[PDB]
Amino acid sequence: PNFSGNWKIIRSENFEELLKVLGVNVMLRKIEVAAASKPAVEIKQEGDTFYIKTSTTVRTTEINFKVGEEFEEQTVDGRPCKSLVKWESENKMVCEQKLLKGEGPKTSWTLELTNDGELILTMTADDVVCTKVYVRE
């Protein structure tokens, strides 16, 4: 199995709560939920090298990384971080995020495949766990 595809969302839990537990105010949460609550996910995987694009009608975000090599991106509440992805187990990867400036509650994300070929995204912030589920288009 592998992660490449244009993945369509079928479930999304607790995205706004991830923002709220990080202290993002209601104004800013409305803007983030409107732009990114239920994005499509496009992945191009070549072994350990990844391109991932999340998109809605109004916002696209793209990252490029290789497992085991540091890269820069932003946390879900918009703070710059340095990220590092590792395989937790076969076809489950976990991204550790370290803030570039100051401190804050821990954030992470995970992408994994189920035995039937669904893609499960987990995002964490403090004690909140957001789950999004996708199938290939």
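Residue numbers run from 1 along the displayed sequence.
Discussion item. Please compare 73 to 81 with 59 to 67 and name the stretch with the higher mean C-alpha B-factor in the deposited structure.
Written reply: Taking the mean C-alpha B-factor of 73 to 81 and of 59 to 67, the larger value falls to 73 to 81.
Discussion item. Which is higher on mean Cα B factor in this entry, 118 to 126 or 20 to 28?
Written reply: Per the PDB entry, the higher value belongs to 20 to 28.
Item to complete: Among the candidates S108, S37, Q45, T54, give the one with the maximum CA B-factor reported in the record.
Response: The listed residue with the largest C-alpha B-factor is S37.
Worksheet entry | Among modelled residues of the same chain, the CA temperature factor third for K101 | Highest third, going by the recorded CA B-factors of the chain.
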